[PDB]
J.: 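Got a structure for you, written out below as structure tokens; questions coming shortly.
Order of the sequence lines sets the chain letters (A, B, ...), proteins ahead of strands, with each chain counted from 1. The basis for the numbers below is simple: all heavy atoms, side chains too, and nothing from hydrogens, waters or symmetry mates.
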Amino acid sequence: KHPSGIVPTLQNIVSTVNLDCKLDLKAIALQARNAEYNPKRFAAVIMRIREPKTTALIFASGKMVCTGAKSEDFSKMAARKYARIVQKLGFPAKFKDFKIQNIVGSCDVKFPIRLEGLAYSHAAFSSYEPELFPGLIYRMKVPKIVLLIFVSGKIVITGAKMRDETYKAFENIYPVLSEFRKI
DNA sequence: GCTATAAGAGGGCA
DNA sequence: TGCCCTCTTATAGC
């Protein structure tokens with residue numbers, strides 16, 4: 001399952017759910033101390049909980065975005081709590097169409113990488129402009145995932161809606177990273 | 001903090 | 001249209 005012997009650590013999960021009822025954002029920002037509401041800056045009530053440590057963006061439409069969780073289960077668990085906070089605030093909040101929208105993972109191959117050489121041999125997938133951003137942007141097509149590769153051997157993998165895409169994307173890149181190890 | 005990456009949701013504007 | 005608005009998170013050089 002993990003031939004490299006390295007398993008990317010999940011760092012951030014973004015999920016969405018439909019509370020299925022219109023929400024009064026001022027009433028929420030007023031009643032719940034946990035919330036922040038700034039209409040002129042952003043159309044959402046920003047609310048946070050300690051466990052699982054997450055941040056929710058709550059919209060008048062009843063739609064909700066949940067960010068910050070370390071796993072898919074934690075994200076859904078956090079979403080459910082926010083849904084309950086809203087219910088208790090006096091809204092008929094449900095939990096419709098919960099969905100994991102993005103998974104961000106990271107790992108360390110423990111060896112430096114020759115980024116320019118990797119970029120050159122994979123021009124169609126790479127974007128490496130160190131003066132702009134020190135990491136190489138690798139847009140993997142299968143699976144459709146974006147990896148940020150640094151000289152240190154540290155790797156960020158983002159864009160996955162399923163964790164196996166994070167894993168597979170890493171496994172695909174591993175042999176390439178090795179080929180371009182900095183001696 | 002800023003630079004870059006993915007993804008969601010919405011109001012607002014060119 | 002079509003993108004920025006906000007927010008999260010790892011990464012690292014500014």
Side-chain angles (χ1 to χ4, degrees), chain A residues 6-26 28-29 34-72 74-76 78-79 82-83 86 93 95-113 115-116 118-119 125-141 143-163 165-167 169-170 173 177 182:
Chain A
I6 299 177
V7 186
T9 303
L10 302 190
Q11 306 284 4
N12 182 35
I13 306 292
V14 172
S15 63
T16 55
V17 70
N18 184 5
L19 300 185
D20 207 11
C21 71
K22 278 222 74 284
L23 300 180
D24 182 336
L25 302 191
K26 275 320 303 179
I28 295 177
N34 177 1
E36 305 171 26
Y37 184 38
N38 325 279
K40 49 75 193 59
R41 253 287 112 256
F42 194 56
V45 158
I46 298 157
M47 195 178 282
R48 298 183 174 84
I49 63 174
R50 280 182 79 199
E51 299 285 352
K53 184 184 172 181
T54 57
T55 295
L57 309 182
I58 300 161
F59 305 83
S61 63
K63 298 302 189 64
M64 174 170 82
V65 177
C66 180
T67 60
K70 296 304 194 180
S71 90
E72 301 95 321
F74 280 139
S75 187
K76 185 177 199 166
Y82 289 118
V86 173
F95 206 75
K96 179 179 174 48
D97 309 313
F98 172 78
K99 188 191 179 181
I100 298 299
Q101 301 284 4
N102 186 32
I103 300 175
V104 185
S106 76
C107 49
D108 184 0
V109 300
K110 291 123 183 295
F111 60 81
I113 316 296
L115 301 183
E116 188 47 73
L118 195 162
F125 305 88
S126 312
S127 290
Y128 183 46
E129 303 304 322
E131 296 172 338
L132 300 168
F133 185 64
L136 176 163
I137 316 305
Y138 194 104
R139 292 187 168 83
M140 191 172 283
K141 295 187 167 72
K144 191 188 189 291
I145 292 290
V146 181
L147 304 90
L148 309 185
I149 304 162
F150 305 85
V151 179
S152 59
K154 250 59 147 56
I155 318 295
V156 174
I157 310 164
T158 187
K161 281 200 173 65
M162 295 290 275
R163 72 165 53 187
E165 293 167 346
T166 304
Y167 299 155
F170 177 66
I173 209 65
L177 300 183
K182 184 179 301 193

J.: Flag this pair as yes if the NZ/CZ of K141(A) is under 6.0 angstrom from the six-membered ring centre of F125(A) and inside a 45 degree cone about the axis; otherwise no.
T.: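 Because its charged atom sits under 6.0 Å from the ring centre and within 45° of the axis, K141(A) does stack over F125(A).
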J.: What parts of residues 39-52 of chain A reach DNA chain C, counting only heavy atoms under 4.0 Å away?
T.: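 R41(A), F42(A), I46(A), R48(A) - these, ordered by number, are the residues of the stretch whose heavy atoms sit under 4.0 Å from the strand.
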J.: When rounded to the nearest Å, what value does the distance between P atoms of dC5(C) and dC2(B) take?
T.: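 Straight-line distance between the two P atoms is 11 Å.
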J.: From the list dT3(B), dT8(C), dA7(B), which nucleotide is the closest neighbour of the side chain of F133(A)?
T.: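 The answer is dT3(B).
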J.: Base, sugar-phosphate alone, or nothing: which one does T9(A) contact when heavy atoms must sit under 4.0 Å apart?
T.: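 The answer is nothing, as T9(A) stays clear of every strand by at least 4.0 Å.
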J.: Given the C1' atoms of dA6(B) and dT1(C), what is the spacing between them in whole Å?
T.: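 Rounded to whole Å, the distance is 23 Å.
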J.: On DNA chain C, does the nearest nucleotide to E36(A) precede the nearest nucleotide to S106(A) from the 5' side, or the other way round? Give the residue.
T.: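 Its nearest nucleotide lies further toward 5', so the answer is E36(A).
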J.: Classify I137(A) by what it touches in the nucleic acid, base, sugar-phosphate, or nothing, heavy-atom distance under 4.0 Å.
T.: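 It contacts sugar-phosphate atoms only.
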J.: Rounded to whole Å, how long is the line connecting atom CG of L10(A) with atom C1' of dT11(C)?
T.: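 For the pair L10(A) CG and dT11(C) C1', the rounded distance is 16 Å.
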J.: Let me know the distance between NZ of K70(A) and P of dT9(C), rounded to the nearest Å.
T.: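 Checked: the NZ to P distance equals 6 Å.
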J.: With both distances kept under 3.5 Å, what pairs with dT9(C), Watson-Crick or G-U wobble?
T.: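 Partner of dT9(C): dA6(B).
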J.: Please state the P separation for the pair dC13(B) and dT6(C) - nearest whole angstrom.
T.: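 My reading of the P atoms in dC13(B) and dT6(C) gives 15 Å.
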J.: Could you check if the base of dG10(B) is syn or anti? Syn means the glycosidic torsion is within 90 degrees of 0.
T.: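 Syn, angle within 90° of zero.
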J.: Donor-acceptor check, side chain of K63(A) to backbone of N18(A), threshold 3.5 angstrom: yes or no?
T.: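 Such a contact is absent between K63(A) side chain and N18(A) backbone.
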J.: To the nearest Å, give me how far apart NZ (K99(A)) and P (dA9(B)) are.
T.: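 After rounding, the reported distance stands at 8 Å.
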J.: Send over the distance from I58(A) CD1 to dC7(C) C1', rounded to a whole Å.
T.: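 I58(A) atom CD1 is separated from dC7(C) atom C1' by 13 Å.
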J.: With the side chain of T158(A) defined as its heavy atoms from C-beta on, choose the nearest nucleotide among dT9(C), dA6(B), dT11(C).
T.: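 Nearest to the side chain of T158(A) among the choices is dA6(B).
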